[PDB]
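Inspection log for the structure reproduced underneath, given as structure tokens.
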Amino acid sequence: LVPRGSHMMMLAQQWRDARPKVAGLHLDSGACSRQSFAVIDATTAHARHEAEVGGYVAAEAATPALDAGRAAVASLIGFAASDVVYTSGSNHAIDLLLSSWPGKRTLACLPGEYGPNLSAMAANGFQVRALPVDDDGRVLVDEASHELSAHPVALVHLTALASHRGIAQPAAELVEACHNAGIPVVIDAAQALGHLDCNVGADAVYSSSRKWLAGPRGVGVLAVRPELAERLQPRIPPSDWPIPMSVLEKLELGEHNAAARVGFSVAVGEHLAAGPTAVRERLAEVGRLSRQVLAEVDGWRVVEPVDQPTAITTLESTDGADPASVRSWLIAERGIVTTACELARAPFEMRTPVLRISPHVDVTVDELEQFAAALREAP
Amino acid sequence: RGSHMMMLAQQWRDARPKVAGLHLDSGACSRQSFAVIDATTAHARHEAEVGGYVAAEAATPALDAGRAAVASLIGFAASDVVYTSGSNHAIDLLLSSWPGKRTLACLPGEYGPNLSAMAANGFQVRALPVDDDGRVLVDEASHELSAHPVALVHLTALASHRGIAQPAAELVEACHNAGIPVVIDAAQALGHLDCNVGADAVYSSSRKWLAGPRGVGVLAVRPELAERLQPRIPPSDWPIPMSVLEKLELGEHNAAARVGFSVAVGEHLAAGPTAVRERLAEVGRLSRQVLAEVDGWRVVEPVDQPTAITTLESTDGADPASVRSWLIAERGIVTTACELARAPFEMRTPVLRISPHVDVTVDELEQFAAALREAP
Ligand SMILES: *Cc1c(COP(=O)(O)O)cnc(C)c1O
Ligand SMILES: *Cc1c(COP(=O)(O)O)cnc(C)c1O
């Protein structure tokens, strides 16, 4: 632990200048990032085009953008474009899948599982088991492998990057371990897509638009491999469906903001254009730099090991400060945007709430130091 | 008569982008005004300036104003109103939440996907008595409901497939007498019929007569009913302290599109709801008149229906879907082809639907008439 300086990458700056100017300081891209000028205009145009030719004729004519969106998502998760369906977001995604799941509804997940995920699982009548993990919450693959062969489950659900902690989970090696026990794997990549290599052999993946891909709100994607999609049994319409259509078509049924979906196609486009590997290398670096700067703040400890290939850093208060009030103070008084993660976010891992830092590629050591600074004079 | 000069229609046309050709499809997706589009773009910009959720917090006055405009149109309270992805999301939220015996009466012309959601939620469905136009007979229904009660009545006050205006008010007071609550599907009716009729729950879609952004709906539930409801998610035996209506409104959504919608309802109250309805009723009359005389097509709706939905049944076996494509590709005229799946227990034969807003002229209706006769 001899501190290392920031790599200079023109990517940081290109990204800052393709997006509206921040009013204060935004360290919250793990909750809602920032839409590029291009993503904002593309959304606005679809809405204008709806007024000039009609909503549904506009939507039919947007099919090339929407399909490019599915193909971009597909290229990142190593699926096909036609395995990929649109969604309101990741919780819409997990519900559509678990609500559709045929036969014995039993699953194993991390104890650090997202609280609204556990909520969906139980609401769809799943039995949920914890997988073995280390002191950080990172799955033990050897043991998880032994556990799954002896005591199988109908599906393992893996959140490859938790909303509440910047540990990158060994997604790929867990997936072969599960396939080695004949068990499918669903990945919650709400935080992982556009941040971690999500090309790991998974049977289903879902993510949200508004996070690291910097898409509009109200959009997610759900990808299912065709072996698994055909076995699925959607809730709407009912199985006796006079209307005939595939599973993915049923799962994609419903009114949605189509402008936001073309918005989202542009934003995935921008991530491919920037280079997925370069953007991931830089986010790993943002995490490191973030943990270097915050290593010595009195009243706060850094939770993540320093070199986790992630941009998510979490601070547990060492004198029982309430992250929520520190967050409200940092906004009202310093224009700095963070997230306070309550216990409810991962009720089977978190003993104490945490303040979360999730900057995108455009953050500077200067700005991290300014956050460090503001965090010290908090009342 | 019909040469009414109405300034509302002209302001409404000029408040909005220029339609390429002719748009007679406001029952499927209307046209957002420059203000609604601007308000949506501005919320997305603000998210980028101050962060998504701090922007959503700042937007509360506009969001609540939206709930409160909706409340004034249906005679509910703002705090009874909850946002939704649209109307099918609404009905699913309400029926999946329904406690005790799941039994229900509705019209034989019920929305296909409404019946889909009813069946998916383990409801038994009985048909309500109706005349030849599929219009509920309220007295019959009263007797019917006394003799065989039902947990709730689901009235679609205006159908997607036909411009009949259902006697919502009188039906509500009859169901209420039999002690049975009434849910109204008002996706077509909100901004169109008077929807202040004492219903127990009402829902609607942003993109139709209110000309709001797509991806938004409203679901209003009276407090007496709301607190008896048992949402699917989170499960009823969980320890997060939220009200039922907070549970039904949980979830990733396009917040920009909701402030857009609040501007759209705003523009409807500003224009004067009564004046906008009297004018939609007029547009229906002119439509059914100008189209009374068209080889290959009979007008389905009595001329006097207070509605801008007129539907056309082909007399010589044309497929409305192809006529709609032809009309778009070859005349730039937008319409909707209603298939049987839209009302599977009322429709024997599919129909072509026009749903023009307040801004259509006798001229444009004659052009549509003309284009319809030279249709290969
Ligand atoms: C944000 C998030 C979700 C939920 O995404 P929505 O789009 O809000 O439904 C699920 N899992 C993780 C890890 C998240 O960060
Ligand atoms: C369009 C429509 C619906 C469903 O609206 P969505 O917003 O697409 O869910 C329901 N009822 C009627 C009468 C409709 O016209």
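Chain naming here is simple, since letters A, B, ... match the order of the sequence lines and numbering starts at 1 in each. Just the heavy atoms: all of them, side chains too, but no hydrogens, waters or symmetry mates, feed the values below.
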task = Taking only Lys NZ, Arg NE, NH1 and NH2, and the carboxylate oxygens of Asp or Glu, determine whether A:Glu255 and B:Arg207 approach each other closer than 4.0 Å.
result = yes

remark   = Ranking A:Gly24, A:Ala122, A:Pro216, A:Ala51 by heavy-atom pairs under 4.5 Å to chain B gives rank one to A:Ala51

ask   = Any chance CD of B:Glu57 has more than 12 other-residue heavy atoms, nucleotides or ligands included, within less than 6.0 Å?
value = no

remark   = Scored by heavy-atom pairs under 4.5 Å with chain B, the best of A:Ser29, A:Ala47, A:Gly220 is A:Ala47

inquiry  = So, taking the atom named CG in A:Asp28 and the one named OH in B:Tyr53, what distance separates them when rounded to the nearest 0.5 Å?
reply    = 8.5 Å

ask   = Is chain A contacted by the side chain of B:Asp237, its backbone, both, or neither, given a heavy-atom distance below 4.5 Å?
value = neither

query = Looking at A:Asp41, A:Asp95, A:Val39, which one has more heavy-atom pairs under 4.5 Å with chain B than the rest?
reply = A:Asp95

inquiry  = Just to be sure I understand the criterion: a residue of residues 258-267 of chain A counts if one of its heavy atoms is under 4.5 Å from a heavy atom of chain B. Which ones qualify?
reply    = A:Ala258, A:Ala260

Residue part contacting chain A, namely of B:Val216, when any heavy atom lies under 4.5 Å = backbone

ask   = Considering only heavy atoms, which portion of A:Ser99 lies under 4.5 Å from any heavy atom of chain B: side chain, backbone, both, or neither?
value = side chain

ask   = Do the side chains of A:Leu118 and B:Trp238 get nearer than 4.5 Å, heavy atoms only?
value = yes

ask   = Checking heavy atoms, do the side chain of B:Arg45, its backbone, both or neither come under 4.5 Å from chain A?
value = both

task = Against chain B, label A:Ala59 side chain, backbone, both or neither, depending on which of its atoms sit under 4.5 Å from a heavy atom there.
result = side chain

task = Name the member of A:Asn91, A:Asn124, A:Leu25, A:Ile331 that forms the most heavy-atom pairs with chain B at distances under 4.5 Å.
result = A:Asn124

inquiry  = Test side chain to side chain contact (heavy atoms under 4.5 Å, CB included) on A:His92 and B:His253; report intermediate values, then the result.
reply    = CA-CA 10 Å; A:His92 194 201; B:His253 67 268; over 6 Å; no

task = Decide yes or no for B:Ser116 and A:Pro238: does some side-chain heavy atom of the first lie under 4.5 Å from some side-chain heavy atom of the second?
result = yes

task = In plain terms, say whether B:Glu49 and A:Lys21 are close enough for a salt bridge, that is, a side-chain N and a carboxylate O under 4.0 Å apart.
result = no

inquiry  = Please classify the contact between B:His23 and chain A as side chain, backbone, both or neither, with a heavy-atom cut-off of under 4.5 Å.
reply    = side chain

key: Electrostatic pair A:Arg217:B:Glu47 at N-O distance under 4.0 angstrom   = yes

task = Check whether B:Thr40 gets within reach of chain A through its side chain, its backbone, both or neither, counting any heavy atom under 4.5 Å.
result = neither

Distance (rounded to the nearest 0.5 Å) between B:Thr41 OG1 and A:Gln35 CD = 9.5 Å

task = Check each atom of B:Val334 against the heavy atoms of chain A and say whether the ones under 4.5 Å are side chain, backbone, both or neither.
result = side chain

request  = Measure the spacing between NE2 of B:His43 and CD1 of A:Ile40 and express it to the nearest 0.5 Å.
outcome  = 11.0 Å

